[PDB]
Amino acid sequence: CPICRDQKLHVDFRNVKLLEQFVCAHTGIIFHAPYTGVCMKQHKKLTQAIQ
Amino acid sequence: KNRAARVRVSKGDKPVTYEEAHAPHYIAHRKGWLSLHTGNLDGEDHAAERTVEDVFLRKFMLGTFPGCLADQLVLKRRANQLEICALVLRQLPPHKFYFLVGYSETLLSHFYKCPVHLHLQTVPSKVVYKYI
Amino acid sequence: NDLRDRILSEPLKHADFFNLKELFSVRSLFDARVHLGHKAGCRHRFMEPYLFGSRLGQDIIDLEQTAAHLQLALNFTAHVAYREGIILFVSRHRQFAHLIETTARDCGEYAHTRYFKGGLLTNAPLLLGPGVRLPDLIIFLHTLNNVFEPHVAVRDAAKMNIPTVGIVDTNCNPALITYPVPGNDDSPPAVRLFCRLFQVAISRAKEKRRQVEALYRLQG
Amino acid sequence: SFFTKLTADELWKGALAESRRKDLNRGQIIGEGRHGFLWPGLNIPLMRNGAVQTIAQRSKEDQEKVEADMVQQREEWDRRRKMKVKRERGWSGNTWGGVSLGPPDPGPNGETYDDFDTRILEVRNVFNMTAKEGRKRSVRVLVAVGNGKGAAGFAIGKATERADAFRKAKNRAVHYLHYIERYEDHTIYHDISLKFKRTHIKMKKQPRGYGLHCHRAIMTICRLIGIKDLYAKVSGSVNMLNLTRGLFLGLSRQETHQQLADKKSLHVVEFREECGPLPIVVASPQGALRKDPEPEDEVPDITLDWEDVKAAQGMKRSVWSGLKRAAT
Amino acid sequence: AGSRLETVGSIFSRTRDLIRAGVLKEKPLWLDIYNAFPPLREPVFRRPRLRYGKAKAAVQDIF
Ligand SMILES: [Mg+2]
Ligand SMILES: [Mg+2]
Ligand SMILES: [Zn+2]
């Protein structure tokens with residue numbers, strides 16, 4: 001994935017600069033995995049993160 | 001369709017030496033002879049020897065001087081000495097050129113048991129008669 | 001740099017700058033026969049507005065419109081000449097061939113009156129030379145080829161972003177021509193008239209150019 | 001048997017058989033040999049600290065090493081020939097559609113485009129009947145170009161060798177450019193329904209978060225134009241050429257807010273939904289603004305596409321429609 | 001390059017707009033002169049359609 005091919009990336013609630021690019025700027029809703037291409041695990045972790 | 005010693009028409013980009021651009025029927029009309037010796041004149045002997053000899057010096061010069069040979073090699077026989085002219089491309093550093101000059105002259109002279117004279121005319125790039 | 005911008009932009013502020021108003025009249029065009037078209041049979045469909053009306057089968061252009069148009073055409077021609085650019089007259093019409101070259105040679109302008117090789121403007125660098133400048137303005141004294149189709153040069157100029165000033169006739173198609181002048185191409189008084197007029201507009205533009213250059217040189 | 005042997009080139013002609021080539025001219029220096037002699041002018045520089053080195057022979061092991069070196073050289077070259085397979089895929093695999101062809105060629109006038117991207121829309125093998133040859137095989141590629149800034153175009157090109165044809169279409173395509181007017185620099189201005197030669201194009205103007213929903217070709221073209229938000233469905237025959245011609249005619253068919261304003265002499269006013277009732281002005285009629293209101297019919301007469309109205313009422317049930325797809 | 005399409009619109013259109021997209025880096029002469037004094041109608045391309053049915057011309061005969 002984008003997220004896990006690079007291990008130095010950390011999915012948290014803290015980094016807004018990472019979580020920003022997984023949310024639609026105008027619509028303020030997250031992308032489903034296929035839009036992005038992340039794996040299901042990292043996508044669930046990303047939703048829970050943005051929350 | 002005569003295939004003899006000919007070079008086919010390409011897409012038109014193919015570089016061609018003046019010699020390789022002039023087909024067999026052209027000898028003695030435009031093109032000249034690559035070798036010269038007495039042997040084929042009316043009253044003359046040992047033509048065959050100068051032919052074997054010539055052939056071997058074609059192969060020899062192609063092999064002693066790798067990748068640096070420009071156009072086909074011009075042999076002359078004069079009063080028992082060979083005068084071998086070559087068009088040679090500039091690849092080698094000159095030291096190596098003279099190494100091979102001495103090497104060739106000596107080796108051949110002792111092979112054909114007659115004194116050999118060598119001449120290198122150096123050229124920047126293969127002369128292009130046609131296309132390109 | 002500044003003063004060159006001045007020299008080019010100055011003439012645009014004055015609608016008359018070359019003073020061509022006096023170079024013709026509606027009477028003038030009337031005696032140059034411009035008001036005659038072809039039979040109503042041979043009329044094109046896009047002349048229907050420029051026409052005045054049918055007199056016994058022969059169609060008649062509107063000379064008021066002729067003047068309004070021709071004014072703008074000549075103005076244009078001039079402003080290009082002044083700006084030092086190529087002008088190419090074109091006609092295939094035989095009667096007038098000589099005129100149009102004889103005109104153009106005297107303007108320091110170029111004519112092409114001949115067979116027109118096909119890729120001429122479109123494929124310039126292959127036909128004319130390794131790199132070349134193309135006509136800044138093309139000017140048709142007839143819009144046709146002797147086979148009565150539109151001259152290639154129309155499609156081609158228009159294809160190349162060259163402006164075009166030409167005389168449409170009742171049969172001709174105006175629509176690709178930048179600045180039309182509706183009018184009679186066929187009668188020799190008419191050809192001669194249009195010739196000498198474009199001639200003069202050119203000459204005046206060139207003179208005025210020279211002058212303003214001399215003034216530029218005194219100011220410096 | 002030295003007499004029987006030949007030149008290399010001849011051997012490669014009669015090996016290859018065109019009625020891959022490795023070269024033996026690579027790796028061997030002058031005087032290089034297996035019996036391992038160091039010749040004063042070739043293997044070794046002519047002089048050392050002392051002058052005029054003599055004719056010398058390396059060890060057994062020094063030679064085993066130089067031979068190992070040539071062997072590892074050949075291995076290196078074979079690996080370098082095998083590593084030569086790498087690519088970026090255009091649409092699918094061996095489809096050349098959407099493949100980047102690389103910026104067009106600088107023209108005669110020094111004009112240079114580093115800004116123009118090119119994409120291959122359709123590569124196709126085309127045949128002919130030649131009395132001489134039997135079939136004759138040409139390649140024709142339809143290619144588009146654009147800078148992202150709104151001007152773009154396309155051309156066809158055709159040649160025997162496909163490489164040649166990629167080239168040809170590039171250069172010819174810079175010659176036909178359209179300016180494509182974009183609203184707020186992403187969408188189109190208003191909806192376009194356009195029938196062109198057995199192909200119908202229909203495209204809806206989207207808001208910003210909605211990236212490029214289109215036929216794969218039209219996506220490609222819209223990335224080259226710089227249109228970032230679009231809905232486009234295509235009906236009838238899908239053939240590439242008619243499609244790009246159609247699309248380009250249609251996006252040049254566009255009526256701009258300024259032009260609407262000008263012909264109607266009225267103000268044009270965008271009502272956003274997110275911004276509520278706020279009556280944003282987009283365009284004003286340079287010249288005289290009319291004092292005349294315009295007729296409001298209870299009943300407008302418009303062509304209505306059954307597909308849009310079917311959409312409107314929840315009657316599009318196709319399982320393919322609402323799919324999640326990858327990013328634009 | 002430019003735009004060779006003879007149908008698309010007037011030369012004015014194409015040229016102005018191609019400059020607008022900054023493809024054409026040199027404003028051409030006739031362009032500025034044109035802006036100054038435009039012609040009556042834009043030189044736009046029209047198919048010369050034939051007339052069918054009941055459609056006649058608008059010409060008024062002269063008497
Ligand atoms: Mg025979
Ligand atoms: Mg595959
Ligand atoms: Zn993952």
# chains A, B, ... in the order shown; residues from 1 in each chain; ligands from 1

call {"tool": "select_by_dssp", "arguments": {"residues": "range 64-262 of chain D", "states": "strand (DSSP E or B)", "output": "VMD selection string"}}
result
chain D and resid 100 117 to 130 134 to 146 151 to 159 178 to 179 183 187 192 to 196 199 to 205 213 230 to 236

call {"tool": "interface_residues", "arguments": {"of": "chain D", "to": "chain B", "cutoff": "8 Å", "atoms": "only C-alpha atoms", "output": "list in words"}}
result
residues 3, 25, 41 and 42 of chain D

call {"tool": "write_last_selection", "arguments": {"atoms": "C-alpha atoms", "output": "PDB file, in the first residue's frame"}}
result
ATOM      1  CA  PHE D   3      41.358 -19.793 -45.264  1.00  0.00           C
ATOM      2  CA  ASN D  25      34.453  -6.620 -29.946  1.00  0.00           C
ATOM      3  CA  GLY D  41      53.209  -1.290 -26.214  1.00  0.00           C
ATOM      4  CA  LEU D  42      49.822  -2.854 -25.479  1.00  0.00           C
TER       5      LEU D  42
END

call {"tool": "residues_near_ligand", "arguments": {"ligand": "ligand 2", "cutoff": "12 Å", "atoms": "only C-alpha atoms and all ligand atoms", "output": "JSON list (two decimals) with N, CA and C atoms, in the first residue's frame"}}
result
[["chain", "number", "residue", "atom", "x", "y", "z"],
["D", 87, "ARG", "N", 8.83, -0.87, -17.56],
["D", 87, "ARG", "CA", 7.84, -0.09, -18.31],
["D", 87, "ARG", "C", 6.86, 0.64, -17.39],
["D", 88, "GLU", "N", 6.18, 1.65, -17.93],
["D", 88, "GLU", "CA", 5.02, 2.23, -17.26],
["D", 88, "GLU", "C", 3.78, 1.89, -18.08],
["D", 89, "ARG", "N", 2.73, 1.38, -17.44],
["D", 89, "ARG", "CA", 1.59, 0.90, -18.22],
["D", 89, "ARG", "C", 0.54, 1.97, -18.40],
["D", 90, "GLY", "N", 0.08, 2.10, -19.64],
["D", 90, "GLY", "CA", -0.94, 3.08, -19.96],
["D", 90, "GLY", "C", -2.34, 2.79, -19.46],
["D", 91, "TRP", "N", -2.97, 1.73, -19.96],
["D", 91, "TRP", "CA", -4.32, 1.44, -19.51],
["D", 91, "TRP", "C", -4.30, 0.07, -18.97],
["D", 92, "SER", "N", -4.06, -0.87, -19.88],
["D", 92, "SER", "CA", -3.92, -2.26, -19.50],
["D", 92, "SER", "C", -2.75, -2.90, -20.20],
["D", 93, "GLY", "N", -1.73, -3.29, -19.43],
["D", 93, "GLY", "CA", -0.76, -4.23, -19.95],
["D", 93, "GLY", "C", -0.20, -3.74, -21.26],
["D", 94, "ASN", "N", -0.45, -4.55, -22.28],
["D", 94, "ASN", "CA", 0.03, -4.31, -23.64],
["D", 94, "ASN", "C", -0.83, -3.36, -24.49],
["D", 95, "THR", "N", -1.90, -2.83, -23.92],
["D", 95, "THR", "CA", -2.63, -1.73, -24.57],
["D", 95, "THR", "C", -1.79, -0.45, -24.49],
["D", 96, "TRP", "N", -1.57, 0.21, -25.62],
["D", 96, "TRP", "CA", -0.81, 1.45, -25.59],
["D", 96, "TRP", "C", -1.65, 2.65, -25.27]]

call {"tool": "residues_near_ligand", "arguments": {"ligand": "ligand 1", "cutoff": "12 Å", "atoms": "only C-alpha atoms and all ligand atoms", "output": "MDAnalysis selection string"}}
result
chainID B and resid 1:3

call {"tool": "residues_around", "arguments": {"residues": "range 24-30 of chain C", "least_positions_apart": "6", "cutoff": "7 Å", "atoms": "only C-alpha atoms", "output": "PyMOL selection string"}}
result
chain C and resi 63-64+67

call {"tool": "write_last_selection", "arguments": {"atoms": "C-alpha atoms", "output": "tab-separated table (two decimals), in the first residue's frame"}}
result
chain	number	residue	atom	x	y	z
C	63	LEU	CA	-22.16	50.31	-53.00
C	64	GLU	CA	-22.75	51.84	-49.59
C	67	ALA	CA	-17.46	51.66	-49.28

call {"tool": "residues_near_ligand", "arguments": {"ligand": "ligand 3", "cutoff": "9 Å", "atoms": "only C-alpha atoms and all ligand atoms", "output": "mmCIF file with N, CA and C atoms, in the first residue's frame"}}
result
data_model
loop_
_atom_site.group_PDB
_atom_site.id
_atom_site.type_symbol
_atom_site.label_atom_id
_atom_site.label_comp_id
_atom_site.auth_asym_id
_atom_site.auth_seq_id
_atom_site.Cartn_x
_atom_site.Cartn_y
_atom_site.Cartn_z
ATOM 1 N N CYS A 1 0.820 -1.204 0.000
ATOM 2 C CA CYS A 1 0.000 0.000 0.000
ATOM 3 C C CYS A 1 0.842 1.238 0.000
ATOM 4 N N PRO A 2 0.204 2.402 -0.091
ATOM 5 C CA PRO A 2 1.041 3.569 0.145
ATOM 6 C C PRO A 2 1.569 3.536 1.563
ATOM 7 N N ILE A 3 0.663 3.281 2.500
ATOM 8 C CA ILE A 3 0.957 3.480 3.901
ATOM 9 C C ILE A 3 1.972 2.481 4.438
ATOM 10 N N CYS A 4 1.818 1.216 4.087
ATOM 11 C CA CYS A 4 2.631 0.172 4.695
ATOM 12 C C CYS A 4 3.888 -0.217 3.913
ATOM 13 N N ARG A 5 3.989 0.239 2.667
ATOM 14 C CA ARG A 5 5.197 -0.006 1.886
ATOM 15 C C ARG A 5 6.292 0.862 2.460
ATOM 16 N N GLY A 37 -6.314 3.044 -2.340
ATOM 17 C CA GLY A 37 -5.499 1.864 -2.549
ATOM 18 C C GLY A 37 -4.854 1.269 -1.312
ATOM 19 N N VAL A 38 -5.143 1.822 -0.136
ATOM 20 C CA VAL A 38 -4.665 1.252 1.131
ATOM 21 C C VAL A 38 -5.300 -0.093 1.434
ATOM 22 N N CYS A 39 -4.667 -0.895 2.284
ATOM 23 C CA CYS A 39 -5.261 -2.178 2.665
ATOM 24 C C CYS A 39 -6.329 -1.980 3.720
ATOM 25 N N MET A 40 -7.250 -2.928 3.773
ATOM 26 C CA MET A 40 -8.345 -2.898 4.717
ATOM 27 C C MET A 40 -7.930 -2.623 6.145
ATOM 28 N N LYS A 41 -6.817 -3.210 6.580
ATOM 29 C CA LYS A 41 -6.403 -3.033 7.969
ATOM 30 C C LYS A 41 -6.009 -1.580 8.200
ATOM 31 N N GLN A 42 -5.208 -1.052 7.290
ATOM 32 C CA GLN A 42 -4.758 0.313 7.424
ATOM 33 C C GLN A 42 -5.878 1.285 7.167
ATOM 34 N N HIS A 43 -6.910 0.843 6.457
ATOM 35 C CA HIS A 43 -8.057 1.712 6.202
ATOM 36 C C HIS A 43 -8.959 1.806 7.429
#

call {"tool": "select_by_dssp", "arguments": {"residues": "range 5-79 of chain B", "states": "helix (DSSP H, G or I)", "output": "MDAnalysis selection string"}}
result
chainID B and resid 24:26 38:40 47:64

call {"tool": "interface_residues", "arguments": {"of": "chain D", "to": "chain C", "cutoff": "12 Å", "atoms": "only C-alpha atoms", "output": "list in words"}}
result
residues 107, 108, 109, 110, 175 and 176 of chain D

call {"tool": "write_last_selection", "arguments": {"atoms": "N, CA, C and O atoms", "output": "PDB file, in the first residue's frame"}}
result
ATOM      1  N   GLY D 107       9.845  22.518 -32.866  1.00  0.00           N
ATOM      2  CA  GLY D 107       9.624  22.842 -34.261  1.00  0.00           C
ATOM      3  C   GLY D 107      10.830  23.502 -34.902  1.00  0.00           C
ATOM      4  O   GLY D 107      11.901  23.583 -34.298  1.00  0.00           O
ATOM      5  N   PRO D 108      10.661  23.979 -36.141  1.00  0.00           N
ATOM      6  CA  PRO D 108      11.719  24.631 -36.921  1.00  0.00           C
ATOM      7  C   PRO D 108      12.126  26.001 -36.377  1.00  0.00           C
ATOM      8  O   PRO D 108      13.269  26.423 -36.552  1.00  0.00           O
ATOM      9  N   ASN D 109      11.192  26.678 -35.720  1.00  0.00           N
ATOM     10  CA  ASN D 109      11.374  28.068 -35.322  1.00  0.00           C
ATOM     11  C   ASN D 109      12.015  28.227 -33.950  1.00  0.00           C
ATOM     12  O   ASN D 109      12.107  29.340 -33.427  1.00  0.00           O
ATOM     13  N   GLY D 110      12.437  27.108 -33.370  1.00  0.00           N
ATOM     14  CA  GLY D 110      13.044  27.112 -32.053  1.00  0.00           C
ATOM     15  C   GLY D 110      11.991  26.958 -30.975  1.00  0.00           C
ATOM     16  O   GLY D 110      12.310  26.817 -29.793  1.00  0.00           O
ATOM     17  N   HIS D 175       0.078  20.749 -34.172  1.00  0.00           N
ATOM     18  CA  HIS D 175      -0.474  21.649 -35.173  1.00  0.00           C
ATOM     19  C   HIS D 175      -1.975  21.903 -35.082  1.00  0.00           C
ATOM     20  O   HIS D 175      -2.464  22.898 -35.617  1.00  0.00           O
ATOM     21  N   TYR D 176      -2.727  21.008 -34.459  1.00  0.00           N
ATOM     22  CA  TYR D 176      -4.128  21.325 -34.232  1.00  0.00           C
ATOM     23  C   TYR D 176      -4.413  21.456 -32.751  1.00  0.00           C
ATOM     24  O   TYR D 176      -4.559  20.463 -32.058  1.00  0.00           O
TER      25      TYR D 176
END

call {"tool": "interface_residues", "arguments": {"of": "chain D", "to": "chain A", "cutoff": "9 Å", "atoms": "only C-alpha atoms", "output": "number ranges by chain"}}
result
D: 208-209, 324-328

call {"tool": "write_last_selection", "arguments": {"atoms": "C-alpha atoms", "output": "short mmCIF file (atom, residue, chain, number, x, y, z; two decimals), in the first residue's frame"}}
result
data_model
loop_
_atom_site.label_atom_id
_atom_site.label_comp_id
_atom_site.auth_asym_id
_atom_site.auth_seq_id
_atom_site.Cartn_x
_atom_site.Cartn_y
_atom_site.Cartn_z
CA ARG D 208 -14.99 20.12 -6.95
CA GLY D 209 -14.53 16.92 -4.92
CA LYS D 324 -16.02 2.31 -6.01
CA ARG D 325 -13.13 2.75 -8.43
CA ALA D 326 -9.58 3.86 -7.95
CA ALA D 327 -8.60 7.53 -7.78
CA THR D 328 -9.05 9.78 -10.83
#

call {"tool": "closest_residue", "arguments": {"among": "C:19, C:44, C:59, C:110", "to": "residue 48 in chain E", "atoms": "only C-alpha atoms"}}
result
C:44

call {"tool": "closest_residue", "arguments": {"among": "C:187, C:161, C:170, C:9", "to": "chain E", "atoms": "only C-alpha atoms"}}
result
C:161

call {"tool": "residues_around", "arguments": {"residues": "residue 2 in chain E", "least_positions_apart": "4", "cutoff": "9 Å", "atoms": "only C-alpha atoms", "output": "JSON, numbers by chain"}}
result
{"C": [160, 161], "D": [174, 175, 176, 177], "E": [14, 15, 18, 23, 24]}

call {"tool": "residues_around", "arguments": {"residues": "residue 101 in chain B", "least_positions_apart": "4", "cutoff": "9 Å", "atoms": "only C-alpha atoms", "output": "PyMOL selection string"}}
result
chain B and resi 96-97+105-106+118-120

call {"tool": "write_last_selection", "arguments": {"atoms": "N, CA, C and O atoms", "output": "PDB file, in the first residue's frame"}}
result
ATOM      1  N   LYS B  96      50.510   2.183 -29.758  1.00  0.00           N
ATOM      2  CA  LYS B  96      50.006   0.897 -30.205  1.00  0.00           C
ATOM      3  C   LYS B  96      50.065   0.786 -31.732  1.00  0.00           C
ATOM      4  O   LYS B  96      50.442  -0.267 -32.273  1.00  0.00           O
ATOM      5  N   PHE B  97      49.720   1.873 -32.423  1.00  0.00           N
ATOM      6  CA  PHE B  97      49.822   1.911 -33.882  1.00  0.00           C
ATOM      7  C   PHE B  97      51.238   1.578 -34.351  1.00  0.00           C
ATOM      8  O   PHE B  97      51.411   0.715 -35.218  1.00  0.00           O
ATOM      9  N   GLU B 105      55.327  -5.474 -40.220  1.00  0.00           N
ATOM     10  CA  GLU B 105      56.390  -5.456 -41.229  1.00  0.00           C
ATOM     11  C   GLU B 105      57.345  -6.599 -41.008  1.00  0.00           C
ATOM     12  O   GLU B 105      57.599  -7.386 -41.918  1.00  0.00           O
ATOM     13  N   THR B 106      57.854  -6.699 -39.785  1.00  0.00           N
ATOM     14  CA  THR B 106      58.807  -7.753 -39.473  1.00  0.00           C
ATOM     15  C   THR B 106      58.202  -9.128 -39.765  1.00  0.00           C
ATOM     16  O   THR B 106      58.739  -9.905 -40.579  1.00  0.00           O
ATOM     17  N   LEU B 118      54.963  -0.805 -45.070  1.00  0.00           N
ATOM     18  CA  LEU B 118      53.617  -0.573 -44.570  1.00  0.00           C
ATOM     19  C   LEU B 118      53.268   0.910 -44.529  1.00  0.00           C
ATOM     20  O   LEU B 118      54.114   1.736 -44.202  1.00  0.00           O
ATOM     21  N   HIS B 119      52.030   1.252 -44.869  1.00  0.00           N
ATOM     22  CA  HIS B 119      51.596   2.642 -44.758  1.00  0.00           C
ATOM     23  C   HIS B 119      50.216   2.790 -44.170  1.00  0.00           C
ATOM     24  O   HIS B 119      49.244   2.236 -44.686  1.00  0.00           O
ATOM     25  N   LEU B 120      50.122   3.559 -43.099  1.00  0.00           N
ATOM     26  CA  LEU B 120      48.829   3.841 -42.517  1.00  0.00           C
ATOM     27  C   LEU B 120      48.412   5.258 -42.796  1.00  0.00           C
ATOM     28  O   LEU B 120      49.101   6.191 -42.401  1.00  0.00           O
TER      29      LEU B 120
END

call {"tool": "atom_distance", "arguments": {"atom1": "CA of residue 18 in chain D", "atom2": "CA of residue 8 in chain B"}}
result
13.7 Å

call {"tool": "residues_around", "arguments": {"residues": "range 75-82 of chain B", "least_positions_apart": "3", "cutoff": "6 Å", "atoms": "only C-alpha atoms", "output": "JSON, numbers by chain"}}
result
{"B": [35, 36, 37, 115, 116, 117]}

call {"tool": "write_last_selection", "arguments": {"atoms": "N, CA and C atoms", "output": "tab-separated table (two decimals), in the first residue's frame"}}
result
chain	number	residue	atom	x	y	z
B	35	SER	N	44.21	-4.45	-55.81
B	35	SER	CA	45.57	-4.96	-55.82
B	35	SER	C	46.25	-4.62	-57.15
B	36	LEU	N	47.57	-4.69	-57.17
B	36	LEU	CA	48.29	-4.57	-58.42
B	36	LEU	C	49.46	-5.51	-58.41
B	37	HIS	N	49.56	-6.33	-59.44
B	37	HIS	CA	50.79	-7.06	-59.67
B	37	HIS	C	50.85	-7.51	-61.10
B	115	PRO	N	60.86	-8.18	-48.57
B	115	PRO	CA	60.73	-6.99	-47.73
B	115	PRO	C	59.39	-6.30	-47.87
B	116	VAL	N	58.76	-6.02	-46.74
B	116	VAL	CA	57.44	-5.42	-46.72
B	116	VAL	C	57.52	-3.98	-46.26
B	117	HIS	N	56.71	-3.16	-46.90
B	117	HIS	CA	56.60	-1.77	-46.55
B	117	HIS	C	55.16	-1.48	-46.19

call {"tool": "residues_around", "arguments": {"residues": "range 297-307 of chain D", "least_positions_apart": "2", "cutoff": "12 Å", "atoms": "only C-alpha atoms", "output": "ChimeraX atom specification"}}
result
/D:192-194,200,202,233-235,294-295,309-317

call {"tool": "write_last_selection", "arguments": {"atoms": "C-alpha atoms", "output": "PDB file, in the first residue's frame"}}
result
ATOM      1  CA  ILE D 192     -23.124  19.100 -23.045  1.00  0.00           C
ATOM      2  CA  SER D 193     -25.248  16.609 -24.965  1.00  0.00           C
ATOM      3  CA  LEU D 194     -23.687  16.072 -28.339  1.00  0.00           C
ATOM      4  CA  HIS D 200     -23.412  10.208 -28.426  1.00  0.00           C
ATOM      5  CA  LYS D 202     -23.051  13.333 -22.724  1.00  0.00           C
ATOM      6  CA  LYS D 233     -21.199   8.805 -20.366  1.00  0.00           C
ATOM      7  CA  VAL D 234     -20.813   7.629 -23.948  1.00  0.00           C
ATOM      8  CA  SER D 235     -23.548   5.985 -26.034  1.00  0.00           C
ATOM      9  CA  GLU D 294     -37.450  37.564 -18.689  1.00  0.00           C
ATOM     10  CA  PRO D 295     -40.441  35.247 -19.130  1.00  0.00           C
ATOM     11  CA  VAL D 309     -34.925  11.559 -15.633  1.00  0.00           C
ATOM     12  CA  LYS D 310     -34.656   7.835 -14.906  1.00  0.00           C
ATOM     13  CA  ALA D 311     -31.642   8.701 -12.751  1.00  0.00           C
ATOM     14  CA  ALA D 312     -33.624  11.433 -11.036  1.00  0.00           C
ATOM     15  CA  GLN D 313     -36.329   9.128  -9.678  1.00  0.00           C
ATOM     16  CA  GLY D 314     -34.069   6.327  -8.429  1.00  0.00           C
ATOM     17  CA  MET D 315     -34.683   4.104 -11.422  1.00  0.00           C
ATOM     18  CA  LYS D 316     -31.032   3.351 -12.255  1.00  0.00           C
ATOM     19  CA  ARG D 317     -30.535   0.055 -10.534  1.00  0.00           C
TER      20      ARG D 317
END

call {"tool": "closest_residue", "arguments": {"among": "E:60, E:35, E:13, E:7", "to": "chain C", "atoms": "only C-alpha atoms"}}
result
E:60

call {"tool": "interface_residues", "arguments": {"of": "chain E", "to": "chain D", "cutoff": "6 Å", "atoms": "only C-alpha atoms", "output": "ChimeraX atom specification"}}
result
/E:1-4

call {"tool": "closest_residue", "arguments": {"among": "C:3, C:165, C:126, C:195", "to": "residue 101 in chain C", "atoms": "only C-alpha atoms"}}
result
C:195

call {"tool": "decode", "arguments": {"residues": "range 69-106 of chain B", "atoms": "C-alpha atoms", "output": "short mmCIF file (atom, residue, chain, number, x, y, z; two decimals), in the first residue's frame"}}
result
data_model
loop_
_atom_site.label_atom_id
_atom_site.label_comp_id
_atom_site.auth_asym_id
_atom_site.auth_seq_id
_atom_site.Cartn_x
_atom_site.Cartn_y
_atom_site.Cartn_z
CA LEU B 69 40.25 -0.79 -40.33
CA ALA B 70 38.44 1.77 -42.53
CA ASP B 71 38.19 0.54 -46.15
CA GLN B 72 39.42 -2.50 -48.03
CA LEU B 73 43.21 -2.87 -48.02
CA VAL B 74 45.31 -1.74 -50.97
CA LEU B 75 48.17 -4.03 -52.00
CA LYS B 76 50.89 -3.18 -54.47
CA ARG B 77 53.77 -5.36 -55.55
CA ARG B 78 56.81 -3.61 -56.88
CA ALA B 79 60.04 -5.39 -57.83
CA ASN B 80 59.78 -8.00 -55.05
CA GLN B 81 58.75 -5.64 -52.27
CA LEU B 82 55.13 -5.31 -51.04
CA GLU B 83 53.65 -1.89 -50.48
CA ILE B 84 50.62 -2.31 -48.27
CA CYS B 85 48.48 0.79 -47.95
CA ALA B 86 45.65 0.97 -45.46
CA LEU B 87 42.96 3.41 -44.65
CA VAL B 88 42.83 3.13 -40.88
CA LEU B 89 40.32 4.72 -38.49
CA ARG B 90 41.62 6.56 -35.41
CA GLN B 91 40.81 4.52 -32.33
CA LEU B 92 44.13 3.38 -30.92
CA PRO B 93 46.60 5.62 -29.03
CA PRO B 94 49.54 6.15 -31.46
CA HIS B 95 52.06 3.99 -29.50
CA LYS B 96 50.01 0.90 -30.20
CA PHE B 97 49.82 1.91 -33.88
CA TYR B 98 53.63 1.94 -34.21
CA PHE B 99 53.92 -1.29 -32.15
CA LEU B 100 51.75 -2.95 -34.76
CA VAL B 101 53.58 -1.31 -37.64
CA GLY B 102 56.88 -2.85 -36.58
CA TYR B 103 55.14 -6.09 -35.65
CA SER B 104 53.45 -6.46 -39.01
CA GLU B 105 56.39 -5.46 -41.23
CA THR B 106 58.81 -7.75 -39.47
#
